[PDB]
Amino acid sequence: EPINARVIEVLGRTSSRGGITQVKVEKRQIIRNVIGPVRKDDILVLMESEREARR
Amino acid sequence: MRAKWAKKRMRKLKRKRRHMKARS
Amino acid sequence: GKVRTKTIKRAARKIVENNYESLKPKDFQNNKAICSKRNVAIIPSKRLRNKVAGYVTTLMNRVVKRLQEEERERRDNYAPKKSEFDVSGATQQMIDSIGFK
Amino acid sequence: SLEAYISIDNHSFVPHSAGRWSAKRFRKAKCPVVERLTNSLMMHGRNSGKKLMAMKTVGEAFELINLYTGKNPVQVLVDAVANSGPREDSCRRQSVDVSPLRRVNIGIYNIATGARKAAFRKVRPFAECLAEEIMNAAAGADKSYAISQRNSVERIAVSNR
Amino acid sequence: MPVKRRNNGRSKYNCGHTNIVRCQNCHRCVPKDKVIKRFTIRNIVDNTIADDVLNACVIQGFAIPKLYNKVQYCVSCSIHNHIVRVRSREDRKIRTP
RNA sequence: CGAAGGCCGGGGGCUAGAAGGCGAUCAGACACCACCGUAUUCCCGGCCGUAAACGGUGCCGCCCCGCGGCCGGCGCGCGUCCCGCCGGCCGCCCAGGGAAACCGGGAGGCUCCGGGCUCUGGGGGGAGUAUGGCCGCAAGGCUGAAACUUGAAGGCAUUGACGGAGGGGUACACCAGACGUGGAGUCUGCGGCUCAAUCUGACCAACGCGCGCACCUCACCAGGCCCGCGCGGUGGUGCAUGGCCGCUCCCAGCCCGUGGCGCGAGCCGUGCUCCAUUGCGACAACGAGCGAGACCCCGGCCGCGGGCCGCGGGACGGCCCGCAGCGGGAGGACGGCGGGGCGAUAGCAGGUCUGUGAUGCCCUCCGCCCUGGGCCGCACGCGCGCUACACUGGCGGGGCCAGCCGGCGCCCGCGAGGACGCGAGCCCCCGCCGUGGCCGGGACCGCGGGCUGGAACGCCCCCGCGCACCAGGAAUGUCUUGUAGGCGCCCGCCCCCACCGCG
Ligand SMILES: [K+]
Ligand SMILES: [K+]
Ligand SMILES: [K+]
Ligand SMILES: [K+]
Ligand SMILES: [K+]
Ligand SMILES: [K+]
Ligand SMILES: [K+]
Ligand SMILES: [K+]
Ligand SMILES: [K+]
Ligand SMILES: [K+]
Ligand SMILES: [K+]
Ligand SMILES: [K+]
Ligand SMILES: [K+]
Ligand SMILES: [K+]
Ligand SMILES: [K+]
Ligand SMILES: [K+]
Ligand SMILES: [K+]
Ligand SMILES: [K+]
Ligand SMILES: [K+]
Ligand SMILES: [K+]
Ligand SMILES: [K+]
Ligand SMILES: [K+]
Ligand SMILES: [K+]
Ligand SMILES: [K+]
Ligand SMILES: [K+]
Ligand SMILES: [K+]
Ligand SMILES: [K+]
Ligand SMILES: [K+]
Ligand SMILES: [K+]
Ligand SMILES: [K+]
Ligand SMILES: [K+]
Ligand SMILES: [K+]
Ligand SMILES: [K+]
Ligand SMILES: [K+]
Ligand SMILES: [K+]
Ligand SMILES: [K+]
Ligand SMILES: [K+]
Ligand SMILES: [K+]
Ligand SMILES: [K+]
Ligand SMILES: [K+]
Ligand SMILES: [K+]
Ligand SMILES: [K+]
Ligand SMILES: [K+]
Ligand SMILES: [K+]
Ligand SMILES: [K+]
Ligand SMILES: [K+]
Ligand SMILES: [K+]
Ligand SMILES: [K+]
Ligand SMILES: [K+]
Ligand SMILES: [K+]
Ligand SMILES: [K+]
Ligand SMILES: [K+]
Ligand SMILES: [K+]
Ligand SMILES: [K+]
Ligand SMILES: [K+]
Ligand SMILES: [K+]
Ligand SMILES: [K+]
Ligand SMILES: [K+]
Ligand SMILES: [K+]
Ligand SMILES: [K+]
Ligand SMILES: [K+]
Ligand SMILES: [K+]
Ligand SMILES: [K+]
Ligand SMILES: [K+]
Ligand SMILES: [K+]
Ligand SMILES: [K+]
Ligand SMILES: [K+]
Ligand SMILES: [Mg+2]
Ligand SMILES: [Mg+2]
Ligand SMILES: [Mg+2]
Ligand SMILES: [Mg+2]
Ligand SMILES: [Mg+2]
Ligand SMILES: [Mg+2]
Ligand SMILES: [Mg+2]
Ligand SMILES: [Mg+2]
Ligand SMILES: [Mg+2]
Ligand SMILES: [Mg+2]
Ligand SMILES: [Mg+2]
Ligand SMILES: [Mg+2]
Ligand SMILES: [Mg+2]
Ligand SMILES: [Mg+2]
């Protein structure tokens, strides 16, 4: 049972080599890391809402 | 050598000399 | 990623200071204005001229937001009709210890 | 694989367009999808370029799907593109989730790759390999190469949460 | 090796000997007036859940308790973990926090 | 009297823990890290007498610009404060001092040298050793030489280089990928081996590099003319030199006049941004210059002129929003123009004397020429490449399109090529083969027919013969738009001849 979240904004490049990006998605403010090229108002498939990104 | 261990070495040497001179 | 060198800027400042009346803040008129040899300007190339005019047009729309040196002087000399000087515990002790009080 | 990254209405009478689709970051999101598949198809190395031939290759794989499923080929293509593409990846490897444009990219890539590997050194033609690949990805069948690749990626993502 | 600091690297004024403390990272012995000292006040629950604990609390007027910890580290551990930095010769005289 | 460790005799015994044991790591680990643990750590009575026992600064006394903080006692003032005094502990600091770092409550009042007292030193080693003495249960401690050896050791400070140091930037260096190379055969260069000679240079920045070796080239071998049939000299030395090139480095860096600081080596000048020491703004510095940029060549779009070439216009972070400049939109041929040329100060015992009538000093009279041979010889290891391993393919017939600029007509000949005269491949379409080292792949070899040239050993064509190779270990390279890759075409060296380089 995967859920649909929606990127609310982009926070920055996380890893030591660029790669993933920290994003705020959405009634929540969950913060997560993404590998691909994300714009604003992109819909992501979340396998769980339990884990939150560090920092 | 670090001077502390040189001092340790010299003390062992002097004690060996005293022991050898103890005989006779 | 287009930073103007000091050569553009130093010429653009003398051009704006000398020819304030001629330069509108719109670019084609200034492109012509960085061309005349009567407002004497020896620009030895047209790309150079365009870059200088691009900085001149920008200098124009920054002074709106010489005419601002005549008024600054003409406001440093105004004496109003007042004089701006028309309780104490220790200075009282000092006016008694000086004069009448 | 979202509606905002699979372009339906921009197609032409053949996929050839001469478009500068990769001059900006997100421009290819408006690239037609059959042309994206065509661009992925000519990716063996001895076949670089040779787009005129790949357009035929895809063109004769749409008269096989219409004769097996009996439905619109472009629709089954959209279904295959949507079904494939990992939703979760692993990058001290911790789990992350995948963006839409990358899901579409990896999907189209793995369909092309599955056909490519299944046709080498075989009597079976590469076009009728593409038919198998497309009709089997869109369903969800484990025989699809893109679905097995997706499942592997998602398993490694789960083991690294 | 000339003298680097007027305080000789410690705060010892008009006494012969002072107490021993253990570094909280590596557990070496340090004199008390040399050890790097910081005081921290924080909440027992992280701020990222500080409102969900609160909304799921039965007691009316509850207030999240805090933690009071005095951390003390040696010179090596302080430099390694960036509690203090190596400074320029002019900057070393600055005592501002 | 005297930290800790240590010793003698009693007591006690939680923790940690020399020694010892054990698990890892590692080439080894008897160490660092993990675990278990004896003396010890604690009490009592003694012994020992040492520590970076430090402020590396002996004790008593006098004078000494100032601004603050804290501790103890006391006094005056207002209405806790406030101003003093004595004693203590600290910070900053004018003068003065000093080799400087720095001191400044002295390390001041000192070559303008003298208040009193005690201790210690006299280049570096040998050596705090030998010997004797005193003390100690012991471990030690205190006192303490000489022969001999050596040209420096050492202090404080400057610039650079480096750091498994911190901080800030950055590039196809990595990320996401593509295409490979390394495995097969084969072209070419290198090392070794052989040889009468297989001429020689170079080991990121040597190894398709020193512009195509039958003769010539030619420096090398076997012979032979001249002055079989001084003058020269590609001799040496690029570690004796010029010039040109490469590299540090296409990095953003370098540096002058006047003032200022220091005894001096030296220093100053020399945060926010940009591709950038590009700029804003600040400053004991003020003012200039070089490198950067500007500049030159090419190519996209539009006008006037000529008959496509040759003269100009055009783009500027200019417009509109959001916060010197970073973002997002728009129009336009092109959006922050794009690909090249040039290329600072300072240097490296890279390269080159074998490109010259550049050239010093050494040595040869090894000059010039002719015939033949070698540079290409081959158990073997390496670098750059070429062609493949097939069906996204091979073959047969047809169709049709370039740019760097550029001859082809008519007969013979399967072809290759000859005698005689004058001004593109990929791809597309239609078939064939059918997963079989097969019709994939074309090395090796056997007859022939030609071209070049004084001369094949050079190259081309025809029939036949049909190697290895099934996508390649450990490793390893290049690349972001008309780009990678695929496909061919042309020029250079050139009698002939590209698997090469420039395009
Ligand atoms: K010592
Ligand atoms: K010592
Ligand atoms: K010792
Ligand atoms: K020293
Ligand atoms: K010292
Ligand atoms: K200290
Ligand atoms: K104290
Ligand atoms: K104390
Ligand atoms: K502290
Ligand atoms: K330490
Ligand atoms: K004692
Ligand atoms: K003791
Ligand atoms: K003991
Ligand atoms: K015990
Ligand atoms: K005890
Ligand atoms: K011990
Ligand atoms: K041990
Ligand atoms: K050891
Ligand atoms: K060790
Ligand atoms: K233990
Ligand atoms: K013991
Ligand atoms: K004990
Ligand atoms: K102890
Ligand atoms: K104890
Ligand atoms: K003792
Ligand atoms: K000492
Ligand atoms: K000390
Ligand atoms: K004394
Ligand atoms: K007080
Ligand atoms: K007081
Ligand atoms: K006191
Ligand atoms: K007091
Ligand atoms: K007091
Ligand atoms: K007081
Ligand atoms: K006093
Ligand atoms: K005092
Ligand atoms: K005082
Ligand atoms: K004092
Ligand atoms: K004394
Ligand atoms: K003394
Ligand atoms: K002494
Ligand atoms: K002494
Ligand atoms: K003796
Ligand atoms: K004794
Ligand atoms: K005894
Ligand atoms: K004993
Ligand atoms: K004894
Ligand atoms: K003894
Ligand atoms: K003795
Ligand atoms: K020294
Ligand atoms: K010394
Ligand atoms: K020394
Ligand atoms: K010393
Ligand atoms: K100095
Ligand atoms: K010095
Ligand atoms: K080369
Ligand atoms: K001055
Ligand atoms: K001077
Ligand atoms: K200065
Ligand atoms: K300065
Ligand atoms: K300077
Ligand atoms: K400076
Ligand atoms: K400055
Ligand atoms: K003309
Ligand atoms: K002309
Ligand atoms: K302009
Ligand atoms: K030369
Ligand atoms: Mg005693
Ligand atoms: Mg224990
Ligand atoms: Mg234990
Ligand atoms: Mg002593
Ligand atoms: Mg001492
Ligand atoms: Mg002492
Ligand atoms: Mg105090
Ligand atoms: Mg104090
Ligand atoms: Mg003080
Ligand atoms: Mg003396
Ligand atoms: Mg003795
Ligand atoms: Mg004795
Ligand atoms: Mg000095
Ligand atoms: Mg020859």
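Residue numbers (the deposited numbering), protein chains in the order written: chain c, 3 to 28, 34 to 62; chain n, 1 to 24; chain R, 2 to 66, 75 to 95, 101 to 115; chain F, 22 to 112, 121 to 190; chain a, 1 to 97.
Think of the CB as a built atom: it goes at the ideal place given N, C-alpha and C, for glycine as much as any other residue.
In the DSSP output, what is residue i paired with across the bridge?
| i | result |
| --- | --- |
| residue 70(a) | 39(a) |
| residue 110(F) | 125(F) |
| residue 40(c) | 24(c) |
| residue 52(c) | 6(c) |
| residue 28(F) | 53(F) |
What is the residue span of the alpha helix (DSSP H) that residue i lies within?
| i | result |
| --- | --- |
| residue 54(R) | 47 to 64 |
| residue 158(F) | 155 to 168 |
| residue 94(F) | 94 to 104 |
| residue 76(R) | 76 to 82 |
| residue 30(a) | From DSSP, residue 30(a) is part of no alpha helix (DSSP H) but of the beta strand (DSSP E) over 29 to 31. |
| residue 30(R) | 28 to 34 |
| residue 76(F) | 72 to 80 |
| residue 95(R) | From DSSP, residue 95(R) is part of no alpha helix (DSSP H); its letter is neither H nor E. |
| residue 60(a) | Per DSSP, residue 60(a) belongs to no alpha helix (DSSP H) and is neither H nor E. |
| residue 12(n) | 3 to 22 |
| residue 8(R) | 7 to 19 |
| residue 183(F) | 174 to 188 |
| residue 55(a) | 52 to 55 |
| residue 83(F) | 83 to 86 |
| residue 45(a) | Run containing residue 45(a): none; DSSP gives neither H nor E here. |
Does the Cβ of residue i have 16 or more other Cβ atoms within 10 Å, making it buried, or fewer, making it exposed?
| i | result |
| --- | --- |
| residue 43(F) | exposed |
| residue 143(F) | buried |
| residue 76(a) | exposed |
| residue 126(F) | buried |
| residue 79(F) | buried |
| residue 164(F) | buried |
| residue 104(F) | buried |
| residue 140(F) | buried |
| residue 8(n) | exposed |
| residue 27(c) | buried |
| residue 109(F) | buried |
| residue 57(F) | buried |
| residue 73(F) | exposed |
| residue 162(F) | buried |
| residue 62(a) | exposed |
Where do the N-terminal and C-terminal ends of the beta strand (DSSP E) with residue i fall, by residue?
| i | result |
| --- | --- |
| residue 26(c) | 20 to 27 |
| residue 6(c) | 5 to 17 |
| residue 21(a) | 20 to 22 |
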